[PDB]
> 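For reference, the structure I am asking about is given below.
If you read the sequence from its start, that first residue is 1, and numbering goes on from there. Both counts, for ligands and for their atoms, begin at 1 and track the order of listing. Side chains included, hydrogens not; waters and symmetry mates left out as well; all remaining heavy atoms used.
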Amino acid sequence: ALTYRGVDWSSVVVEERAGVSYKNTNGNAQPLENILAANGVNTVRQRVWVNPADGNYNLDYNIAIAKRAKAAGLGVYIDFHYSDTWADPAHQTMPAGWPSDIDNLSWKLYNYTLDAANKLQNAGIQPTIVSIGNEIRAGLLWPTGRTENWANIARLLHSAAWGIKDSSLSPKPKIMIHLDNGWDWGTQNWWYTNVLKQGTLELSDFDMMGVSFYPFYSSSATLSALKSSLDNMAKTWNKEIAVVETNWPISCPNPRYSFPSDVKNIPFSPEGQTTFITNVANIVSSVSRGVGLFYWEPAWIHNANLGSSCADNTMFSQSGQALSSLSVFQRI
Ligand SMILES: *[C@@H]1O[C@H](CO)[C@@H](O)[C@H](O)[C@H]1NC(C)=O
């Protein structure tokens, strides 16, 4: 059903350097990319930071693992955070050295994106998907692209999109805009409506709408709300749709928020993960042009809670062995 069955495996090299030895379900040591491929994954998502001090997630880091993904027969989804560090609705920190004025910033953004795209092409990497920003629900490149600076946001995204379109990438990747809280139709609608009404960024400038969907940051994140929101997004703008980030815990003894009503019966276990993932996948497939699902960081065992209040959201044992839930990608 789904065109893209993936996971974000960005931390792979960070973990291997930390001594992690990944193993398949039989317990046989094997490269992570091959384990993922063997379990049905056909696309890997990777976060790209501009100039991180320690180099993790910078372009070189990403080209190195992208080559490995390619060798395993996996497509690559590049997620530009357009920051030197984590970008989310509460943080869209300007890359060091980048100008603040809209005119020069727009040009910098175009240059950076164009340059990165060409370097990827030159390394033989043609991502199938490229998101111009990560969870830019509150904008990007703050404060210049901070909501409600809609004019600036539209202008910046237009520049980023064309940095891709003017690149040597062949074939070209699908261009994606990624917002958090996919279940929140009101916000999705508020954002796209205000950005698109500016006129600079046109509907034709991008191809996909991605959303994050997590069950442990608000009980409002019901599967019902996700279905309704995605359906509304699909019929309003008719773009391809995907849940680009999601997690389900194998352990959550200390949640900060109550879980959504329609997922309360799913247990915190590998079996529970397969049920949740399969359900979210099928929700996406039931949507017009719903084409993808990406699990976030299933193998980051040294950050098991994956930034959430739940103790463990990974799909690998603490020794690095893939859990039974990883095969879910063979059934969606
Ligand atoms: C963008 O790159 C061009 C070279 O093609 C350069 O002349 C220009 O100064 C750059 N813009 C910014 C703001 O870095």
> Do any N or O atoms from the side chain of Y112 and from the backbone of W107 form a donor-acceptor pair under 3.5 angstrom?
no
> Looking just at side-chain N and O atoms, do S327 and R331 make a donor-acceptor pair shorter than 3.5 Å?
yes
> May I ask you to establish whether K165 and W162 are in a cation-pi arrangement, using a distance under 6.0 Å from NZ or CZ to the six-membered ring centre and at most 45° from the ring axis?
yes
> Would you tabulate the side-chain donor-acceptor contacts of residues 142-151 under 3.5 Å, counting partners in other chains and residues two or more places apart, or write 'none'?
| from | atom 1 | to | atom 2 | distance (Å) |
| --- | --- | --- | --- | --- |
| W142 | NE1 | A138 | O | 3.0 |
| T144 | OG1 | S100 | O | 2.6 |
| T147 | OG1 | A138 | O | 3.4 |

> Enumerate the protein residues lying less than 4.0 Å from ligand 1, judged by heavy-atom distances, in chain and residue-number order.
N104, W107, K108, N111
> Determine the interplanar angle of the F259 and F216 rings, folded into 0 to 90°, and report it as parallel if under 30°, tilted if 30 to 60°, perpendicular if over 60°.
perpendicular
> Within 45 degrees of the ring normal and closer than 6.0 Å to the centroid, is that where the cationic atom of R45 sits relative to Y77?
yes
